[PDB]
Amino acid sequence: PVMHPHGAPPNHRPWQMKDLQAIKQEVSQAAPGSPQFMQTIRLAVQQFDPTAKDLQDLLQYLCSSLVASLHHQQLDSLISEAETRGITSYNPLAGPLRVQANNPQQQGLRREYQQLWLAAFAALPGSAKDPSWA
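Throughout, the UniProt record's numbering is defined as the position within the sequence shown, counted from one, plus 130.
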């Protein structure tokens, strides 16, 4: 969870940032990134399903410029095919993504956008990453 209003200070929400760290000791355990990363980012993004906010400071701090670059490329087109498949004749996606999940009303795309989020975080090494440092 982190707030970043247009032209303002990054008002991050700590109070317990020692939980993303728990996912930091675990990226270690495995190889520089590797699928295993998803294993812990799975139970952390699948359990507390943080708002798109975290993705802002979780992808900009836990990852880095490059990774985020292609990590989303997966997503980019993933949505193109995720909705082609037949999610629901598409209804809320239409808007931006952070919008579908940052929506207490239409949360369906929050459990789905999370399933495609780790599919772009577990395919990182084999489709978008640099395990030569990661």
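The C-beta atom is built at its ideal place from N, Cα and C for all residues, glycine as well.
In the three-state scheme derived from DSSP, where H, G and I count as helix and E and B as strand, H134 is classed as coil. CA-to-CA, the gap between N141 and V229 works out to about 20 Å.
Cβ-Cβ distances below 6 Å link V157 to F167 in the same chain, with the five nearest sequence neighbours on each side left out; the list follows chain order. When C-beta atoms of the segment 196-204 are compared with those of the segment 236-244, fewer than three pairs fall below 8 Å, so the two segments do not count as touching.
With contacts defined as CB atoms closer than 8 Å, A258 and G163 fail to qualify as a contacting pair. Non-local C-beta neighbours of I171 in its own chain, meaning closer than 7 Å and more than five positions away in sequence, comprise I153, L248, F251, ordered along the chain.
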